[PDB]
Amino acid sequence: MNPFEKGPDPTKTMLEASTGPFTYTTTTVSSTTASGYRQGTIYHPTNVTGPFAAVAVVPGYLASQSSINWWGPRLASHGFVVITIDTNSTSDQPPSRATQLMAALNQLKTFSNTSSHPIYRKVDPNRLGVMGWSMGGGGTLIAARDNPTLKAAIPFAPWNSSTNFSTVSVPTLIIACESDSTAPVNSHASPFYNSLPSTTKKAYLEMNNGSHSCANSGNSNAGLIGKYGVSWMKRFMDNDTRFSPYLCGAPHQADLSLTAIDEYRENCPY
């Protein structure tokens, strides 16, 4: 038995649902408490005993938590602790966004070690992941490069000046928005994916006609995008091979006829 396995055996319907099998609640982190980032919101499972793997999520340039926080409930309801952060400045660039992701994860560990905190004992400090939008997606790839003990990375509509992530060894799912005019896939998401070494478990999910906000809060493909983000975090943070079919097997292959997906790349099996 895999000791990290949580929740019922997955199905397509369960993975595409707006919420997973778990109840969750949401705790605010004030600017006074927040260390190394401006402020945040923690989404954590309830009525299920952990500890759980934990994910930090960061927005893009001039953006706030509202752009990215649909990931909080979507992952929390599948047995993850999620922190969505606001950056010290909304003008922060990718390297700064990488530092703030790691600061958020470091504080989750502190909160998990604090008897008074709602998330006391909820975080497995050794099973951590990062996600982010646009320059926060650049920050996600920089965090992965600089912190290779991270278990998973999901940049979405990522933006970064440099395309060289040839040393990244963290399992990385890049979510790309076909029609993106802010972070064009041919200058950002696609070259990032192509740089990753052959030995790094990886995927590229490109959404048909996607604008730059195609994986943001309120998007019209939340069922499909959420199915991939949850499956990625289950497989790589929980080692949960019940989710492998949705990334690499017959369920995955059936997705590739959906008009919503214009392209998918991977180095399956995993």
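From 1 onward, residues are counted along the sequence shown.
Colleague: Looking only at CA atoms, which has the higher mean B factor in the entry: 180-188 or 68-76?
Modeller: In the deposited entry, the stretch with the higher C-alpha B-factor mean is 180-188.
Colleague: On average, are the C-alpha B-factors higher in 251-259 or in 19-27?
Modeller: Here the higher of the two C-alpha B-factor means belongs to 19-27.
Colleague: At the C-alpha atoms, which of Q93, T172, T84, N164 reaches the highest B-factor in this entry?
Modeller: Highest CA B-factor of the listed options: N164.
Colleague: Can you tell me which of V55, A203, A34, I225 has the highest Cα temperature factor in the record?
Modeller: Most elevated C-alpha B-factor of the set, per the entry: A34.
Colleague: Can you work out whether the C-alpha temperature factor of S231 puts it in the lowest, middle or highest third of the chain?
Modeller: According to the entry, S231 has a C-alpha B-factor in the chain's lowest third.
Colleague: Pull the Cα B-factor of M207 out of the PDB entry and bin it into the chain's lowest, middle or highest third.
Modeller: Answer is middle: the recorded C-alpha B-factor places it there.
Colleague: Lowest, middle or highest third: where is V168 by C-alpha B factor in its chain?
Modeller: Answer is middle: the recorded C-alpha B-factor places it there.
Colleague: Grab the CA temperature factor for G50 from the record and place it in the lowest, middle or highest third of its chain.
Modeller: For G50, the deposited C-alpha B-factor lands in the highest third.
Colleague: Which third of the chain holds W133 when residues are ordered by C-alpha B factor: lowest, middle or highest?
Modeller: Answer is lowest: the recorded C-alpha B-factor places it there.
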